[PDB]
**Student:** 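Before I ask anything, let me first share the structure, which is written out below as structure tokens.
Chain identifiers are assigned alphabetically (A, B, ...) following the order of the sequence lines, protein sequences preceding nucleic acid strands; residue numbering begins at 1 within each chain.
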Amino acid sequence: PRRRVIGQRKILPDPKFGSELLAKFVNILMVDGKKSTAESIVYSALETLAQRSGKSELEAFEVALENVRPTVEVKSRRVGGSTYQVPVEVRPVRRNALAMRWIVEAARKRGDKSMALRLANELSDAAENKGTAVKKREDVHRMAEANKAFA
Amino acid sequence: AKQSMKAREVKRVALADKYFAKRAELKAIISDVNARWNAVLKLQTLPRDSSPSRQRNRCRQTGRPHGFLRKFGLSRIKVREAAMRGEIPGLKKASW
Amino acid sequence: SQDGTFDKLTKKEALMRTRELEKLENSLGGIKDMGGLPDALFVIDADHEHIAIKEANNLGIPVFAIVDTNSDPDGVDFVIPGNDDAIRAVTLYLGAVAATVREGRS
Amino acid sequence: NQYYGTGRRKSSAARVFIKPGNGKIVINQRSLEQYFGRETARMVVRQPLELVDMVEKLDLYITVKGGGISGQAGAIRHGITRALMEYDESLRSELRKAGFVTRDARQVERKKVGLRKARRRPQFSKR
Amino acid sequence: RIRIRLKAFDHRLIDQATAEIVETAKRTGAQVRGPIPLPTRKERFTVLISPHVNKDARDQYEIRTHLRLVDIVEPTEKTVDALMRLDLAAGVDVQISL
Amino acid sequence: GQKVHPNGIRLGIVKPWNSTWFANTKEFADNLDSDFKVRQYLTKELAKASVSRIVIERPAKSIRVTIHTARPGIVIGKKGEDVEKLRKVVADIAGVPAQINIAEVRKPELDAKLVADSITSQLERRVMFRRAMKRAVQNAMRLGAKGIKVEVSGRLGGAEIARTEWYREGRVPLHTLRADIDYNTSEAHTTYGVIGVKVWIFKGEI
RNA sequence: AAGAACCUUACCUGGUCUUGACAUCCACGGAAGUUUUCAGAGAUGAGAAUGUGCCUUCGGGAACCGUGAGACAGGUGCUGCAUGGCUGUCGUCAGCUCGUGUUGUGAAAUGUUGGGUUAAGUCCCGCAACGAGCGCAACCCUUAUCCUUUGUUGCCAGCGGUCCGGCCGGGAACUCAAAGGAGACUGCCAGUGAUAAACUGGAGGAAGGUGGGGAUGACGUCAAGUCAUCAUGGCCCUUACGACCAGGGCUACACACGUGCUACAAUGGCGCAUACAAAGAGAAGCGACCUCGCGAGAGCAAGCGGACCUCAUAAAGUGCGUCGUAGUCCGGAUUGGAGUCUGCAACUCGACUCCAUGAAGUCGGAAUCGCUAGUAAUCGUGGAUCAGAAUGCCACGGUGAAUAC
Ligand SMILES: [Mg+2]
Ligand SMILES: [Mg+2]
Ligand SMILES: [Mg+2]
Ligand SMILES: [Mg+2]
Ligand SMILES: [Mg+2]
Ligand SMILES: [Mg+2]
Ligand SMILES: [Mg+2]
Ligand SMILES: [Mg+2]
Ligand SMILES: [Mg+2]
Ligand SMILES: [Mg+2]
Ligand SMILES: [Mg+2]
Ligand SMILES: [Mg+2]
Ligand SMILES: [Mg+2]
Ligand SMILES: [Mg+2]
Ligand SMILES: [Mg+2]
Ligand SMILES: [Mg+2]
Ligand SMILES: [Mg+2]
Ligand SMILES: [Mg+2]
Ligand SMILES: [Mg+2]
Ligand SMILES: [Mg+2]
Ligand SMILES: [Mg+2]
Ligand SMILES: [Mg+2]
Ligand SMILES: [Mg+2]
Ligand SMILES: [Mg+2]
Ligand SMILES: [Mg+2]
Ligand SMILES: [Mg+2]
Ligand SMILES: [Mg+2]
Ligand SMILES: [Mg+2]
Ligand SMILES: [Mg+2]
Ligand SMILES: [Mg+2]
């Protein structure tokens, strides 16, 4: 990254719903190279969520993401000789990347029986924005606006 | 490498060929399921230096015990010296 | 380039050969057929060719130079004061010298 | 008549045959679902035929060996695209645009002396 | 009927031997199924290059054995004999058996 | 020690092998030991005959042995008086019938082994090492040999601290595999200890 | 150290030898060799039968074995601050130099600096510099596409019937095997750029900008490592610092650190069924099949110096069922009993098998490491060493990410 601006590696779409966004989500949830296991967990959670909240799989998924997507974050740019936390805008791609990572982290921390059940509960709460992942977004937003003095 | 150590190796090889491979039947023909007496087992008063599993397989040129290669009969470093000068047919640095 | 191996091998090195050939021709052209040291030197500008003047003095070669008001004499055995930047003036100088030198041993 | 394509993907090599018949697909004397058509890489085999819509318009007879599920499925996809073009070169353009024409040359990297595997280096400590 | 398989450490020499074997058989016989490459054997060796310690410093060598197969399907008699006394081998191993 | 062996790295490209026999694993080790035994006896016996290299090959349960020498007359001797004696001993050591061939070396001062041992002999005779190196480089370039290069090491002139003192002339492209390099080494046994000598001789590009 | 039970092995305790365990020379005596007994831990002594194989103007000779004296042999004994050779390292970093010329009284400088550019002292332009060398790049191996050739032990698209097995007629297509060729060169287009070098993008193409990986390590630095692989100057021992033997030790154990393996579980454990690899080794060897044993294994015994036979069923994965968050059907340490095999010999001190037992451990303080793609992570397979003895090392493939503003 010092010299060479680089391109991007394309990813296949989900085999069931054919969406790049869902393909990235299973990759983030995938542990240890076991994609099939991750695919099973995700699909089980989504069909459960669709049953809970009606709607559909993808649209219900998006509703959860929109409540956890950050908009601004802090970033150390100690330039003057002292460390400051300058808030900065988040790129559209980095938005959902952070959202998906937070949701997975929250679900793993959740103490239910199955991972599929954990994930369904976590992003079902995120649909109403009461979950731990939503809490982390609030902390990030709140910390950023506190340091609003810098820009 | 301590010429006495190489002397032990040659004596071990001579004894092994002299006694065993002909009295190896002693532990093969009899120490089996004949139907026994143990007289054959007690008839292991042989020099004890004739056992083939008692030779160290040293390098042919220098005679060091470690880093031996069966195919060439030389230690690792004598192999490298001969390989670089030719000597070993068909052997060359490998890349893949 | 003419009777040698120029079409042989890839085009690029042939292009390189031409590029360096024209570089050698440009830098040291007419001088190629001389095959020795000079015995006289006619110089257009003393200050703009002081390197040449210095070399001639070191080797003890006579130097004839056209020196302008800003030039530095005393490195030239035969100094010819006059303009050295005008095309008409330099053409007159070279024409006269060429005419005078065209009479060799006859 | 029959049209052919080879296909290859990370130690797998396929052998595909195309006939202008039904839409059935046979792999190593087995149905697509019987082989891997319901597990991972189910749809990559169809990907090429989705485009150049000819799903039901062509019959496929295939034999593959080497590699694993993903490697073999990738080999099948490469073989199909090479065959289709043999049955209608006009498709190349959009097949190449989809990226199926290129053979993916991404072999596994050999492990080096002094490293644990390929690039993983043993743990280091100063003091 | 009678098979010839040749082993050597370099392909430049094995190919010359096979060409000699094939041409002589054709001259004194007929047919000949032709040389068959058969897989090459690559034996690898890895040895430490320092006389002491320095475990990570080592060289890798290999010996590459090349193989060929001829197979004359029906000796014309004037063939078999000539298959003998035609060694001209200086590093290529020939086994005459069927 | 950080440079690859120039001869070994070119074995399959330009330089040939010094042994050209085939063997299975059963007898591969025995042949190597036999080749070592014959070379060490032959090199010891022909110390004064200026032997460049010994090439061994084993066709049909025999041994050929070719000797590249710069003074073939001495190696052969009167008619075959000396060569036959060598053949008898070589056959005895190898345990198989032995042929023997002699190849003369034109231009001995373009062969690194002969150059290296020439310097070694002078050093043991207490010749100034610098003069020996200068002479070898000078007369090597005098006959083609676009790239002579020499190097000594260890207790030069009887000094208490070892020193290398190399010297080159021409071009010696050690990184070009296509180049024909003729590297070799030798060793002196002066009264103060050991002195190593290395020689690189570069020739046509292919 | 690519593999310490004995050996290896040097180290220790005892028991032993002195021209010697190892080599040349001299004289003497005797073929060599083989089967047995006693004492001894053994080294070694004491014996007895057996055999007596090639030469000869015979103070005698050839391989071999014993005796005696000497020159000698022997040393893993010290010095890597006397050395050769080999190796690590800065660092695969882009630098390091020379001839001639010129400048300076001189140490030195210039070139090698400057404007652009590159992965690069890479290239162009300028320039008191003009050229050259070692380095960079290329030539080498391997991988990604295609073509010709050859076609068994490899293959089976089209034809025949088949025990439904490429099995057997057959076919040379295809995969493959391995020899020889083609291909990639900023080569072509557009734009920028001093019009130069070059750069950005596009087309085509399997591959695009040194496509991926490997080998390749400049002048030198660290009196870096190695006298124990080997060689070697000097020094030192010589009935001993040399040599032989048995047993022990290198495996100890209040402790501290480095590198690893297995876990703390439900993206999982267990039971049943089932799918898909690559690369290697094999004759004092690999060892089908069948029978026996719960098992490690045992007996009999094909084939294979091996595209043929054997090692040799890949595992993660996928379908069912169960466990339901517990120190548990997690974890497997430790220990008791009973065994297999290798080996003269498993006490110190081997591997594995069966039954039982069922520690710590519930994600780890300060701190700290690896990795930019078929990579990390995880899952199996093979080989060297080797009688036996890998969680180490060296290789092979399966699944396969996240992120570089
Ligand atoms: Mg010694
Ligand atoms: Mg052993
Ligand atoms: Mg094999
Ligand atoms: Mg190196
Ligand atoms: Mg002992
Ligand atoms: Mg011991
Ligand atoms: Mg003692
Ligand atoms: Mg040192
Ligand atoms: Mg001066
Ligand atoms: Mg410099
Ligand atoms: Mg300078
Ligand atoms: Mg510059
Ligand atoms: Mg350069
Ligand atoms: Mg310049
Ligand atoms: Mg049929
Ligand atoms: Mg492009
Ligand atoms: Mg290079
Ligand atoms: Mg030191
Ligand atoms: Mg070091
Ligand atoms: Mg030390
Ligand atoms: Mg020491
Ligand atoms: Mg130890
Ligand atoms: Mg093995
Ligand atoms: Mg358990
Ligand atoms: Mg506890
Ligand atoms: Mg728990
Ligand atoms: Mg990197
Ligand atoms: Mg593993
Ligand atoms: Mg083993
Ligand atoms: Mg792997």
**Student:** Kindly indicate whether G/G208 forms a Watson-Crick or G-U wobble pair with G/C185, where both distances must fall under 3.5 Å.
**Tutor:** yes
**Student:** I want to know if G/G214 and G/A215 are stacked - that is, whether their six-membered base rings have centres under 5.5 Å apart and planes under 30 degrees.
**Tutor:** yes
**Student:** Of the nucleotides G/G397, G/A404, G/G74, which one has an atom closest to the side chain of D/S11?
**Tutor:** G/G397
**Student:** Give a yes or no on whether G/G191 and G/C155 pair, Watson-Crick or G-U wobble, both distances under 3.5 Å.
**Tutor:**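 Donor-acceptor distances not both below 3.5 Å, so no.
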**Student:** Pairing check, G/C98 versus G/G131: Watson-Crick or G-U wobble, both under 3.5 Å?
**Tutor:**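 Taken together, G/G131 and G/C98 make a base pair (Watson-Crick or G-U wobble, both distances under 3.5 Å).
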**Student:** Quick check on side chain to side chain donor-acceptor pair (under 3.5 Å): which of D/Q107, D/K111, D/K112, D/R106 does D/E109 satisfy it with?
**Tutor:**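 That would be D/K112.
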**Student:** With heavy atoms under 4.0 Å as the rule, sort A/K24 into base, sugar-phosphate or nothing.
**Tutor:** sugar-phosphate
**Student:** With respect to the phosphate group of G/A223, does any side-chain polar atom (N or O) of F/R163 fall under 4.0 Å of OP1 or OP2?
**Tutor:** no
**Student:** Check if the side chain of A/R9 and the base of G/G374 share a donor-acceptor pair of N or O atoms closer than 3.5 Å.
**Tutor:**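 Side chain to base: no pair below 3.5 Å.
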**Student:** Identify whether G/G303 and G/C286 are a Watson-Crick or G-U wobble pair (both distances under 3.5 Å).
**Tutor:**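 Yes, G/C286 pairs with G/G303.
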**Student:** If a pair has to be Watson-Crick or G-U wobble with both distances under 3.5 Å, does that hold for G/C90 and G/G220?
**Tutor:** yes
**Student:** Hey, can you tell me if D/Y61 and D/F17 have their rings parallel, tilted or perpendicular (30° and 60° cut-offs)?
**Tutor:**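 Ring orientation of D/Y61 relative to D/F17: tilted.
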**Student:** Within 45 degrees of the ring normal and closer than 6.0 Å to the centroid, is that where the cationic atom of D/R110 sits relative to B/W96?
**Tutor:** yes
**Student:** Please determine, for the side chain of F/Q2, which listed nucleotide (G/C244, G/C90, G/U9) has the closest atom?
**Tutor:** G/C90
**Student:** Quick one: which of F/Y167, F/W200, F/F202 gives a side chain to side chain contact (heavy atoms under 4.5 Å, CB included) with F/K149?
**Tutor:** F/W200
**Student:** With north meaning a positive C1'-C2'-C3'-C4' (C3'-endo side) and south a negative one (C2'-endo side), sort G/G350 into one of the two.
**Tutor:**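 Positive torsion, so north.
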**Student:** Counting only side-chain nitrogens and oxygens, does B/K2 get under 4.0 Å of the OP1 or OP2 atom of G/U76?
**Tutor:**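 So the side-chain polar atoms of B/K2 never come under 4.0 Å of the phosphate oxygens OP1 or OP2 of G/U76.
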**Student:** Does G/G187 have OP1 or OP2 sitting under 4.0 Å from an N or O in the side chain of C/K12?
**Tutor:**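 Affirmative; the distance criterion is met.
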**Student:** Would G/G280 and G/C311 count as paired if we go with Watson-Crick or G-U wobble and both distances under 3.5 Å?
**Tutor:** yes
**Student:** Return no unless some side-chain N or O of B/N57 is found under 4.0 Å from OP1 or OP2 of G/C386.
**Tutor:**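 For G/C386, OP1 or OP2 has a side-chain N or O of B/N57 closer than 4.0 Å.
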**Student:** Could you tell me if G/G324 and G/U325 satisfy the stacking criterion of six-membered ring centres under 5.5 Å apart and ring planes within an angle under 30°?
**Tutor:**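 As far as the 5.5 Å and 30° test goes, G/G324 does not stack onto G/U325.
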**Student:** Using Watson-Crick (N1 to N3, and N6-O4 or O6-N4) or G-U wobble (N1-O2, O6-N3) distances under 3.5 Å, do G/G166 and G/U148 pair?
**Tutor:** no
**Student:** Would you please confirm or rule out a distance under 4.0 Å between OP1 or OP2 of G/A10 and any side-chain N or O of B/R8?
**Tutor:** yes
**Student:** Do G/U368 and G/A194 form a Watson-Crick or G-U wobble pair, with both donor-acceptor distances under 3.5 Å?
**Tutor:**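 G/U368/G/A194: base pair absent.
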**Student:** Going only by the six-membered rings, do G/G339 and G/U340 fall inside 5.5 Å on centre distance and below 30 degrees on plane angle?
**Tutor:** yes
**Student:** Would G/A240 and G/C241 be classed as stacked, given the thresholds of under 5.5 Å between six-membered ring centres and under 30° between planes?
**Tutor:**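 No, unstacked.
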**Student:** Taking 4.0 Å as the cut-off, does a side-chain nitrogen or oxygen of F/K26 come that near to OP1 or OP2 on G/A283?
**Tutor:**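 For G/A283, OP1/OP2 do not have a side-chain N/O of F/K26 under 4.0 Å.
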**Student:** Please confirm whether neighbouring nucleotides G/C163 and G/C164 meet the stacking test: six-membered ring centres under 5.5 angstrom apart, planes under 30 degrees.
**Tutor:**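 Between G/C164 and G/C163 there is no base stacking, as the criterion is defined here.
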**Student:** Quick one: which of G/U76, G/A178, G/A2 gets closest to the side chain of E/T40?
**Tutor:** G/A178
**Student:** Is G/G380 the Watson-Crick or G-U wobble partner of G/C396, both distances being under 3.5 Å?
**Tutor:**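 As far as the geometry goes, G/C396 and G/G380 are base-paired to each other.
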**Student:** Is there a side-chain polar atom (N or O) of D/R121 under 4.0 Å from OP1 or OP2 of G/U259?
**Tutor:** no
**Student:** Would you mind reading off the distance between C/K54 atom NZ and G/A128 atom P, rounded to a whole angstrom?
**Tutor:** 16 Å
**Student:** Among G/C146, G/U76, G/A376, which nucleotide sits nearest the side chain of B/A1?
**Tutor:**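 Of the options given, the side chain of B/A1 lies nearest G/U76.
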**Student:** Decide if a Watson-Crick or G-U wobble pair links G/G42 and G/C58, counting it only when both distances are under 3.5 Å.
**Tutor:**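 Here the two bases do not pair.
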**Student:** Within the 4.0 Å heavy-atom criterion, would you say F/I9 contacts the bases, only the backbone, or no part of the nucleic acid?
**Tutor:** sugar-phosphate
**Student:** Looking only at side-chain N and O atoms, does D/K10 come under 4.0 Å of OP1 or OP2 in G/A278?
**Tutor:** no
**Student:** Quick one: look up who G/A338 pairs with, Watson-Crick or G-U, both distances under 3.5 Å, and put none if it's unpaired.
**Tutor:**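 Across any shown strand, G/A338 pairs with G/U353.
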**Student:** It should be established whether B/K18 places a side-chain nitrogen or oxygen under 4.0 Å from OP1 or OP2 of nucleotide G/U34.
**Tutor:**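 Checking B/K18 against G/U34: at least one side-chain N or O falls below 4.0 Å of OP1 or OP2.
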**Student:** Identify all side-chain donor-acceptor contacts of residues 6-15 of chain D below 3.5 Å with residues at least two apart in sequence or on another chain.
**Tutor:**
from: D/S12; atom 1: OG; to: D/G66; atom 2: O; distance (Å): 2.5
from: D/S12; atom 1: OG; to: D/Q72; atom 2: N; distance (Å): 3.4
from: D/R15; atom 1: NH1; to: D/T63; atom 2: OG1; distance (Å): 2.8

